[PDB]
Protein chains: 2
Amino acid sequence: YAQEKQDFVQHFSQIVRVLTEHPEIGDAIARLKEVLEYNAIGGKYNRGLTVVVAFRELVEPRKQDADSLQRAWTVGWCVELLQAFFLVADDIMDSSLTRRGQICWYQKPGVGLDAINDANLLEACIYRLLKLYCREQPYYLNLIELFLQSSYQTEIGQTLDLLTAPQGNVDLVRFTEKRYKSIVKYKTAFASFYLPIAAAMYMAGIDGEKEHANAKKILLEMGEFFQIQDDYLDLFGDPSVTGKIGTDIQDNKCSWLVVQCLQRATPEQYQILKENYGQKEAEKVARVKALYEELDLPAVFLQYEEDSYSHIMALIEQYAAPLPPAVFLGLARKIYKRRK
Amino acid sequence: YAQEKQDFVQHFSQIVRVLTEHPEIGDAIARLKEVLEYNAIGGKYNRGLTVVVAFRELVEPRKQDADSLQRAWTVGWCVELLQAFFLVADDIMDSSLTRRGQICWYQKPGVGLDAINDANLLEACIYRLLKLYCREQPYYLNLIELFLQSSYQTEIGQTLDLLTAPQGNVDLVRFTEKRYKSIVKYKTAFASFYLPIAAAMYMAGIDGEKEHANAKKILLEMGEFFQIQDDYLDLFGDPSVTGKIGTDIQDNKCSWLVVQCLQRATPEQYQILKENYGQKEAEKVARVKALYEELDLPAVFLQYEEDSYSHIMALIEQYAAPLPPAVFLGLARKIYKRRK
Ligand SMILES: C=C(C)CCOP(=O)(O)OP(=O)(O)O
Ligand SMILES: C=C(C)CCOP(=O)(O)OP(=O)(O)O
Ligand SMILES: [Mg+2]
Ligand SMILES: [Mg+2]
Ligand SMILES: [Mg+2]
Ligand SMILES: [Mg+2]
Ligand SMILES: [Mg+2]
Ligand SMILES: [Mg+2]
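Residues numbered from 1 in each chain as written, not as in the entry; some residues may be left out. Chains lettered and ligands numbered in written order. Heavy atoms only, no water. Residues with missing side-chain atoms left out of burial classes, pairs and counts.

X-ray crystallography is the method the PDB entry lists for this structure, together with a resolution of 2.07 Å.

1. Comments concerning the site of ligand 2
Residues and elements named next belong to chain B. Put simply, the rule is: What makes a residue near a molecule or strand is one non-hydrogen atom of that residue sitting within 4 Å of it. The definition of a polar contact used here is a pair of N or O atoms within 3.5 Å, where within protein one atom must be able to donate a hydrogen and the other to accept one, and adjacent residues in sequence count solely through side-chain atom pairs. Note on areas: Shrake-Rupley with a 1.4 Å probe; residue coverage comes only from the protein chains shown. We count a stretch as a helix when DSSP gives it H or I for four or more residues in a row; a strand needs E for two or more, and each element gets its number in order from the N terminus.
By nearness alone, every residue bordering ligand 2 is listed as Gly43, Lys44, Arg47, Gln83, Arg100, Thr188, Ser192, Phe226, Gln227, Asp230 and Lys244. The side chain of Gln83 places a nitrogen or oxygen atom 3.1 Å from an oxygen atom of ligand 2. Here an oxygen atom of ligand 2 and a side-chain polar atom of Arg100 are 2.8 Å apart. Here ligand 2, which alone exposes 400 Å², has 90% of that area covered by the protein. Breaking the shell around ligand 2 down by element, the ones donating at least two residues are helix 8 (177-203) and helix 9 (209-236).

2. Points about the relation of the copies chain B and chain A
In plain terms, the rule: The copies line up through least-squares superposition based on their C-alpha atoms. Throughout, a residue-residue contact means that at least one pair of heavy atoms, one from each residue, lies within 4.5 Å.
By a simple turn and slide, chain B fits onto chain A: the slide is 0.0 Å along the axis, the RMSD is 0.0 Å, and the turn is 180 degrees. Between the two chains, the operation in question is that of a two-fold axis. Most of the interface of chain B is mirrored in chain A, where 100% of its interface residues are also at the interface.

3. A short note on the interface of chain B and chain A
Taken residue by residue, the interface counts 41 residues in chain B and 41 residues in chain A. If you list the elements that add at least two residues to the side of chain B that touches chain A, you get helix 3 (26-39), helix 5 (66-93), helix 6 (115-134), helix 7 (140-164) and helix 8 of chain B. The biggest single contributor to the side of chain B that touches chain A is helix 7 of chain B, with 13 residues.

4. Overview of the site of ligand 1
All names here are of chain A. Applied cut-off: Charged residues are taken to be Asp, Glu, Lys and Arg, nonpolar residues to be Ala, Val, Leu, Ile, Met, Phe, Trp, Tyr, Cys and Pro, and polar residues to be all remaining types, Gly included.
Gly43, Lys44, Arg47, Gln83, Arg100, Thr188, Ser192, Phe226, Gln227, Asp230 and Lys244 make up every residue found near ligand 1. Between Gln83 and ligand 1, the recorded distance is 3.1 Å, taken from a side-chain N or O atom to an oxygen atom. Relative to its unbound accessible area of 400 Å², ligand 1 is 90% covered by the protein chains. Within the residue set of the shell around ligand 1, elements represented by two or more residues are helix 8 (177-203) and helix 9 (209-236). Tallying contributions element by element places helix 9 first for the shell around ligand 1, with three residues. Of the residues assigned to the shell around ligand 1, the class counts are one nonpolar, five polar and five charged.

5. Focus: the nonpolar core
The following threshold applies: For the purposes of this section, nonpolar cores are sets of buried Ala, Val, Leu, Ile, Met, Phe, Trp, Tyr and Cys residues that join through side-chain atoms within 4.5 Å. Burial classes: relative accessible area under 20% of the type maximum marks a residue as buried, over 50% as exposed, and values in between as partly exposed (1.4 Å probe, protein chains only).
Counting residues in each nonpolar core, the largest one holds 258 residues, and the members touching the most others are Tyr292 of chain A together with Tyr292 of chain B. Residues in contact with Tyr292 of chain B, not counting those within four places in the same chain, are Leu235, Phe236, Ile249, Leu257, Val258, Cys261, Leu273, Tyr277, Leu297 and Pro298 of chain B.

6. Concerning empty space enclosed by the protein
In this approach, a probe sized like a water molecule rolls over the atoms, and the result shows the empty space that is left. Inclusion rule: Any residue with an atom within 4 Å of a point lines the site, the site being either a cavity, points on a 1 Å grid over the protein atoms alone where a 1.4 Å probe fits but cannot get out, or a pocket, an open set with protein on both sides within 12 Å along at least 5 of 7 lines. Grid points are joined across faces, edges and corners, and a volume is the space filled by probe spheres set on the points.
Approximately 110 Å³ is the volume attributed to the largest cavity. Lining the largest cavity are 13 residues, with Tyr38, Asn39, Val88, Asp91 and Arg99 of chain A sitting closest to its centre. Breaking the lining of the largest cavity down by element, the ones donating at least two residues are helix 3 (26-39), helix 5 (66-93) and strand 2 (102-103) of chain A. Of the residues contributing to the lining of the largest cavity, the split by class is eight nonpolar, two polar and three charged. Here the second largest cavity is characterised by a volume of approximately 90 Å³. Around the second largest cavity, the lining is made up of 13 residues, and of these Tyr38, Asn39, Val88, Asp91 and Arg99 of chain B lie nearest the centre. Mapped by element, the contributors of at least two residues to the lining of the second largest cavity are helix 3, helix 5 and strand 2 (102-103) of chain B. Here the residues of the lining of the second largest cavity sort into eight nonpolar, two polar and three charged.

7. Observations concerning the pattern of salt bridges
Threshold: Within this document, salt bridges are pairs made up of a side-chain nitrogen of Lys or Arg and a carboxyl oxygen of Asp or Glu, the two lying within 4 Å of each other.
Under the counting rule described, the total for this entry stands at 26 salt bridges over all chains. Linking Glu145 of chain B and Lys131 of chain A is a salt bridge whose minimum nitrogen-to-oxygen distance equals 3.0 Å. Residue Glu145 of chain B is found in helix 7, and its partner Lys131 of chain A is found in helix 6 (residues 115-134); the two belong to separate chains. Given the relative accessible area of 18%, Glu145 of chain B is considered buried. Three or more residues joined by partner-sharing salt bridges are found here, namely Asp94, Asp161, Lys187, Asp251 and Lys253 of chain A.

8. Thoughts on the packing of helix 9 of chain A against helix 14 (residues 297-319) of chain A
Residue and element names in this part refer to chain A. Where we set the bar: Between N-to-C directions, angles cover 0 to 180 degrees, with each direction set by a line fitted to C-alpha atoms, over the stretch in contact for helices. Angles are sorted into four bins: roughly parallel if under 35 degrees, roughly antiparallel if over 145, roughly perpendicular if 65 to 115, and oblique for all others. By convention, the crossing between two helices is left-handed when the near helix turns anticlockwise from the far helix through less than a right angle, and right-handed when the turn is clockwise.
It is at 9 Å that the axes of helix 9 and helix 14 come closest, and there the two elements cross at 165 degrees. With respect to each other, helix 9 and helix 14 are oriented roughly antiparallel. At the point where helix 9 passes helix 14, the crossing takes the left-handed sense. Residues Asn214, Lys217, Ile218, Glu221, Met222, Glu224, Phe225, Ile228, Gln229, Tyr232 and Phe236 of helix 9 form the contact with helix 14, whose own contacting residues are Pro298, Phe301, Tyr304, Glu305, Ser308, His311, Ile312, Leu315, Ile316 and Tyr319. Class assignment for the residues of the contact of helix 9 with helix 14 results in 13 nonpolar, four polar and four charged.

9. Considerations on helix 9 of chain B
Note the threshold: What a helix is expected to span follows from its residue count: subtract one and scale by 1.5 Å. The quantity called bend is, for any residue, the angle between two axes fitted respectively to the seven residues ending at it and the seven beginning at it.
The terminal C-alpha atoms of helix 9 of chain B lie 40 Å apart, and with 28 residues this matches the ideal 40 Å at 1.5 Å per residue to within 8%. Of all the bends in helix 9 of chain B, the largest measures some 25 degrees and sits at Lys216 of chain B.

10. So, helix 13 (residues 282-294) of chain A
All names here are of chain A. This is how it is decided: An arc is given here, and it is the one of the directions from the helix axis to the C-beta atoms.
Helix length check: helix 13, at 13 residues, gives a terminal C-alpha distance of 18 Å against a target of 18 Å (1.5 Å per residue), a fit within 8%. Three or more residues of helix 13 are buried, namely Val285, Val288, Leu291 and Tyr292. For helix 13, the arc enclosing every buried residue in end-on projection is 115 degrees, short of the 170-degree limit, so these residues lie on one face. Set apart from the buried face of helix 13 by more than 90 degrees, the exposed residues are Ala282 and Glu283. Check the buried side of helix 13 and you find it contacts helix 9, helix 11 (256-264), helix 12 (267-276) and helix 14. Positive phi appears at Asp296, one or two residues downstream of helix 13, with a value of about 50 degrees.

11. Thoughts on the UniProt feature "binding site: Mg(2+) 1" in chain A
Residues and elements named next belong to chain A. Counted only if it meets this: UniProt positions are given in the numbering used here, feature names are shortened, and annotations may be inferred rather than shown by experiment.
Mapped onto the present numbering, the UniProt feature "binding site: Mg(2+) 1" falls on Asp90 and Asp94. Looking at where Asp90 falls in the secondary structure, it is placed in helix 5. Residue contacts for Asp90: discarding those within four places in its chain leaves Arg99 and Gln158. Here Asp94 lies in the loop between helix 5 and strand 1 (98-99). Of the residues examined, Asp94 reaches a relative accessible area of 9% and is grouped as buried. Residue contacts for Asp94: discarding those within four places in its chain leaves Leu162, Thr247, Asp251 and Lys253.

In structure tokens:
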């Protein structure tokens, strides 16, 4: 697994080389290399690795030649670039301080709001790689449309996330279970969970609408759990482990935690949450954290993680066939009980 | 021409309807409609109109059925959406105040840096329209790749533009004719001039590499002239006419004007430019404008506009064949002597 991660990371130098190969644009290409090095490295590479692992499990080993395997790790890196693009942009919009153990790319002196165009370049690099390696393949168009559709779905999710979290406005009424499930389905589940398995499926020749629908049932549910864990870690995670500083409380976000708080709060506790949520004051944030702990939300999260795991396992039993259950089980093992 | 513009604008309501048609995403789709209405309307629609006019001139009238014409005005609107995406993002990065006679979308109270995701949605809408109307056409993939390549080229151009214009740093050494030509080729010429004619060419079945190369020779030169005019208007244009407020001097930009100033300045005038360029102080900006006027740069621009027009006309004579010269002449007439 760590050796699998290591093999995937060793292909990054080739990805950068092929993307940063007209002398007039030299300075811009040198900036793109810096944008790639800073923002596509430091994560867990779960999405990129899922493409590589799923491709190997879905394709007959006699058909896994050197060019086929290169295409698989390249498409894995395309999914990492999609993630990099959204994170660079999301860190500006969320006013975040750190990412993957280092200062946010936009927080770097000399970068600032120029990171908007840098994010756009990362997105552009996906289609440059798809054209360079997969142009002659029968699944080329299926991959292009899958990455474009995954970006649109993420952007729609980001729009819902930002509309539910207006700055300077009390938004407790908007923080419902229904709203939450809708935000996380689009902003996380589609591109972080459906996209990597769907890409390996199209590369394996599995283009069937019914097969993709079945994979989607498992993967969108896994994505919802993953975002619930991300919301828990925003406040109760170790920043030395998570690599990022939480901002959901200050940013008035429709977090899984605030939705649970609102379902369990007394009128007195509702007032405390109303007066202290969505504000930059450190003592107001500390007051919301104290309310969550009073309502035993960390324990409520532990019980949800268990119930959700069993539910996802039941969905693998129902919808994995005819794909190897290991395709979905490998990703479940990688995200369950994770504190990073 | 104004009737042609009117026919094109009358199709916008249909574009919005088809793009803003899952009740859970309702609030986000309502935000997308607001993003579309605010940012894709108010311009001159030259790019969108060029697609429609070029398609009509390149396709035999017996092959111009109702569905074919709809595809043409839809692809015209895709080019307007590409422009909208880049302008929303460019206005944030350039710290601009107004656009198309109204306050910049990001300057709107309640929008702010959420405009980054709004720009991404506008870009996403291009591929949604291409899929909705052109998916079954033989040129579908050619159009997808052309819009993706045009975005990458624009982003590379924007990177060069921002690298040459660092905030708080004296960048006069970097402002060369060579650097300028490179920036404007990528940031403007490819997507504003090559993209609309190339799209109509692929829709007409003209996919030949040599035909696209010849069209490119004319159109990249036209794009350079158009950006030189844009730089002139940034300072010497009427904001009631241009619809936007200039920021090139304050933003330390490699403008055509500053390049010309540096070629004509004495050591005393160079010192004046060095002490006053790239700064927010109104009196420093007024000092640079006074230097430009002392060096008769508005007259130097008038002489360049004439010389460039003749050169572009000579390029149409050389490279228009076998395409109707009217394809290129119509766009030249629309941009030459324009003060908007
Ligand atoms: C979609 C969300 C929850 C953002 C972070 O994803 P990861 O937690 O997988 O971050 P990296 O490993 O890529 O850094
Ligand atoms: C590529 C540059 C010069 C930006 C503005 O283009 P236009 O001057 O054509 O602006 P609109 O008509 O679309 O508003
Ligand atoms: Mg965030
Ligand atoms: Mg966010
Ligand atoms: Mg989070
Ligand atoms: Mg600008
Ligand atoms: Mg600009
Ligand atoms: Mg300008």
